[PDB]
There are 2 protein chains.
Amino acid sequence: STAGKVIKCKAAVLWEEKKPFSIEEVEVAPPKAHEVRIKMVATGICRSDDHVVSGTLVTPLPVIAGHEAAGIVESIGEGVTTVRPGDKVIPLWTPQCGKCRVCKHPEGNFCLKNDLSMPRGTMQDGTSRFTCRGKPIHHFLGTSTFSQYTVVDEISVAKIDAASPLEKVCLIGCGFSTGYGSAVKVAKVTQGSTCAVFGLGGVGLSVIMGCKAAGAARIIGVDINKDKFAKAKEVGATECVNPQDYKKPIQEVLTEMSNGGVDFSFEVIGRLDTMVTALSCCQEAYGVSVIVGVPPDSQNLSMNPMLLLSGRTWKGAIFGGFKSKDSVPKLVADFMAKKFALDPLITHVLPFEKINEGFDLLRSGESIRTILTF
Amino acid sequence: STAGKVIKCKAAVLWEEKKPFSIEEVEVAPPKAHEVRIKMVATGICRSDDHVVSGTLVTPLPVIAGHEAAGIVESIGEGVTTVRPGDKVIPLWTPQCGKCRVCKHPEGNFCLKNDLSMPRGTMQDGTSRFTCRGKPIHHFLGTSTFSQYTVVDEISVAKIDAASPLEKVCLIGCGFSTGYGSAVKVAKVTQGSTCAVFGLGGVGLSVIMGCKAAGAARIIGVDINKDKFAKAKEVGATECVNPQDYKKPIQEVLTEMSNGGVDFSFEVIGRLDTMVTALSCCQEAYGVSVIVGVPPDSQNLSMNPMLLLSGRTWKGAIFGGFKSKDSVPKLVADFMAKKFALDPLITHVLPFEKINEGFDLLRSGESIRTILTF
Ligand SMILES: NC(=O)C1=CN([C@@H]2O[C@H](COP(=O)(O)OP(=O)(O)OC[C@H]3O[C@@H](n4cnc5c(N)ncnc54)[C@H](O)[C@@H]3O)[C@@H](O)[C@H]2O)C=CC1
Ligand SMILES: NC(=O)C1=CN([C@@H]2O[C@H](COP(=O)(O)OP(=O)(O)OC[C@H]3O[C@@H](n4cnc5c(N)ncnc54)[C@H](O)[C@@H]3O)[C@@H](O)[C@H]2O)C=CC1
Ligand SMILES: O=CNC1CCCCC1
Ligand SMILES: O=CNC1CCCCC1
Ligand SMILES: [Zn+2]
Ligand SMILES: [Zn+2]
Ligand SMILES: [Zn+2]
Ligand SMILES: [Zn+2]
């Protein structure tokens, strides 16, 4: 009964930095040309959503955040052809326009139509579909999933298996895919190798899954919260180390353990020091280090370039290097085919109304992923 | 006549930093077990040898530098099996012991027996085979080619084509292979790509040859010495730019020229700033940047890791990524087969006695490579 009409629904609005989310009534406009309105069913709480709160990730406010989710299309705008009302879909915070230089590149995935590099907080047309208390509200990465209904550009949505469990596959919208791809696609982990994974949250655990799927023989988790070790080992870690427990730099500990350095290392936290530690801990002649974590805004790191001259490779990636629209449905099909697991990542399931409690669990280190159900 | 006997011959000894080399009479001991004494025929002047003089590269003094050379085996020590007296050889300043974890890796080449990371200035056994005026003199990178005769460990020498032109193939000992490999092996340049090469000396020009051999469609040379542009174009550069010509930083110029960044960039100079510039000038989502240049001893650079998070790859290599003993003979064979050219890199040929003049030519910007003949 909503097609072609404004919808009034509940959403979590962040009015300013460093404040809790405010559950409010918002008004969601119907979709314009090449836009899709989606009924959200489940959304995950990613550390990147917290970065918005903390100021680590600068984006226009007030905003409706959220970028890891899954739902059902409610209606479509003029000219849409990739989805229809009723389809199961996952919003793509990294779009895939299919026409830019990156999209046409065989490897690149950071589409030039993204709203991450210089955020505008809007739809591709430069406007907003949301109003709250008479005020237009900004969008987030073109997705804004912390709302019962959202509107997204066609290039930022993927159709998925009609049989998918939305409360699980929302993870494929961000956390899982990012981590998993960082291992199998960006780093290209090899059979029998030794890997080090710094950070054992939702993304890091997905990195471990990817290292295991690639055939790694040894996987070392690194985290200051030891309650994360058990889960890290269940998904593939052979060993875990806690930097707080040691008298010397963890890079020396990891280098000794691995008889001279690891094959592949991953920074999945978001700290300058751990980015350099991760690079240093890989074998100097052939090691590969991938940065996944997001540091805070603007601050530069200092490092010795001879760490690279010796032969190391250092790189980073968005969304695990996956071309979004092409990949998401394939990942869901692999999940349905039982090629990987998502349950281990989920520690909590809460109603959407408890979003702030979900963020509390993240900050306190008591959760991996909290899935919010609408 | 000389086997098993001390040889008295001329060599260039560097007694102190920032001094001219001193032509001296030195005593060269016969080879000990698993060592090989070689009569040098030709040696090139590489910027790395100048780094020893300038203090850019710290290594024990006094020393006999030189590492880009070709010669003929004069005698061998007990147990040697890979070369015989009379064989044409090229000394290897990166060894290949064949036994360490790097030598056994399919890609890595920075053998753990190198004398580059933590230089001792000696043979593998920790002693020296050179005496001058009764004082022991240090070796350099296990090669010490600035002497009529040198002694090298077996893992630091490769036999080559008996008909090879030693005054040309010496370049394969360093400059050419480093640049060529950095493009074809380390960067893995792709057909139709756009490359940027920072530094148009012997190594940078070799990088251009590798980019051309890889099929690059566009190659932009960057040097503050415009006198190098004609040769750069001769070997494959489509364009050349001089940063001194511009008010804008060179990365902005390069990014604009390449419609958003190059595919592959190479720093072949040895400056911290240029390393970051080169990285920044490659495409943000899929660009690759390789560091080849050597900066002053132990100095760190400052950079924003968001440069990598977007998807850039940053790496470095020693000797073009080539496993030394395995590759050098193959490279010589390729040269003999006309698969690449070495002449365009040689601007001057001088007697060894004029070593200082050759270093002067390098520092003034008049030469690409000077070859010293004994
Ligand atoms: N590159 C991409 O495309 C994306 C990047 N990210 C970023 O990846 C990072 C991780 O994301 P989540 O897993 O959601 O975060 P999380 O907060 O769930 O996990 C972070 C882990 O790092 C641990 N940690 C914190 N400080 C540490 C330290 N000094 N030393 C060792 N361990 C430490 C924490 O105890 C925690 O377990 C975040 O920065 C996020 O913004 C998130 C997904 C996509
Ligand atoms: N990674 C490895 O295995 C090896 C590293 N190297 C290093 O490669 C570098 C190049 O070696 P060569 O070709 O022999 O040196 P070179 O002195 O012949 O050439 C260097 C070029 O850089 C230019 N240049 C200087 N400052 C510049 C600036 N701000 N901007 C743009 N261009 C500038 C110079 O005019 C010159 O043409 C040296 O640092 C050397 O030590 C040398 C070979 C092996
Ligand atoms: O978490 C999802 N997206 C992230 C990607 C890295 C920059 C912060 C936003
Ligand atoms: O130039 C020859 N060898 C180089 C290798 C890189 C550090 C300086 C010495
Ligand atoms: Zn996320
Ligand atoms: Zn695109
Ligand atoms: Zn050299
Ligand atoms: Zn070795």
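Residues numbered from 1 in each chain as written, not as in the entry; some residues may be left out. Chains lettered and ligands numbered in written order. Heavy atoms only, no water.

Its PDB header attributes the entry to X-ray crystallography and lists the resolution as 1.65 Å.

Under the PDB entry, the name given to chain A is Alcohol dehydrogenase E chain, and the source organism is Equus caballus. According to the UniProt record, the Subunit comment for chain A reads "Dimer of identical or non-identical chains of two types (E and S) coded by 2 separate genes at different loci." Here chain A is described in UniProt, under the heading Sequence similarities, as follows: "Belongs to the zinc-containing alcohol dehydrogenase family. Class-I subfamily." (UniProt positions renumbered as here; feature names shortened; annotations may be inferred.)

Student: Residue-level account of the site of ligand 1, with values.
Tutor: Near ligand 1 lie 28 residues; those nearest to it are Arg47, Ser48, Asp223, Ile269 and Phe319 of chain A. Chains contributing residues near ligand 1 are chains A and B. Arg47 of chain A places a side-chain nitrogen or oxygen 2.8 Å from an oxygen atom of ligand 1. The backbone of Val292 of chain A places a nitrogen or oxygen atom 3.0 Å from a nitrogen atom of ligand 1. Burial of ligand 1 by the protein chains amounts to 90% of its free accessible area of 860 Å². Looking at the shell around ligand 1, the elements with two or more residues in it are α1 (47-54) and α5 (202-214) of chain A. (Near = heavy atom within 4 Å. Polar contact = N/O pair within 3.5 Å; in protein donor to acceptor, adjacent residues only side chain to side chain. Areas by Shrake-Rupley, 256 points an atom, 1.4 Å probe, with all protein chains shown as cover. Helix = DSSP H or I, 4+ residues; strand = E, 2+ residues; numbered from the N terminus.)

Student: So what's going on with the relation of the copies chain B and chain A? Which residues, and what values?
Tutor: After a rotation of 180° and a shift along the axis of 0.1 Å, chain B superposes on chain A with an RMSD of 0.2 Å. Such a combination of rotation and displacement between the chain copies is what one expects of a two-fold axis. Comparing interface residues between copies, 93% of those in chain B also lie at the interface in chain A; the contact surface is shared. (Least-squares fit on C-alpha atoms. Contact = heavy atoms within 4.5 Å.)

Student: Describe the coordination of the zinc ion (ligand 5), and please don't skip the residues or the numbers.
Tutor: Residues and elements named next belong to chain A. Coordination sphere of the zinc ion (ligand 5), protein contribution only: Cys46 (SG), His67 (NE2) and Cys174 (SG), at 2.2 to 2.3 Å. Coordination at the zinc ion (ligand 5) is irregular: its four donor atoms span angles of 81 to 127° at the metal. Motif for the zinc ion (ligand 5), donor spacing along one chain: C-x20-H-x106-C. Residue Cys46 is found in the loop between β3 (35-44) and α1, and its partner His67 is found in the loop between α1 and β4 (69-76); the two are separated by 21 residues along the sequence. When sorted by exposure, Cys46 lands in the same class as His67, which is buried. (Donors = N, O, S within 2.8 Å, 3.2 Å for Na, K, Ca; no water. Tetrahedral: all angles 85-135°; square planar, octahedral: opposite > 155°, others 65-115°. Buried < 20%, exposed > 50% of the residue type's maximum accessible area, 1.4 Å probe, protein only.)

Student: Give a detailed account of the domain arrangement of chain A, specifying residues and quantitative values.
Tutor: All names here are of chain A. Along its sequence, chain A is carved into domain 1 (7-173 + 342-373) and domain 2 (179-317). Each of domain 1 and domain 2 was reduced to a C-alpha centroid, and the two centroids are 29 Å apart. Listed per partner, the contact involves 10 residues of domain 1 and 17 residues of domain 2. Taken together, the two surfaces of domain 1 and domain 2 that pack against each other cover about 1100 Å², and 59% of this comes from carbon and sulfur. Considering only the side of domain 1, the residues that lose the most area to domain 2 are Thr56, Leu345 and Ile368, jointly responsible for 40% of the buried surface there. Between domain 1 and domain 2 we count two salt bridges in total. (Domains from an automatic or database assignment. Buried area = accessible area lost by both parts, 1.4 Å probe. Salt bridge = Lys/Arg side-chain N within 4 Å of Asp/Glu carboxyl O.)

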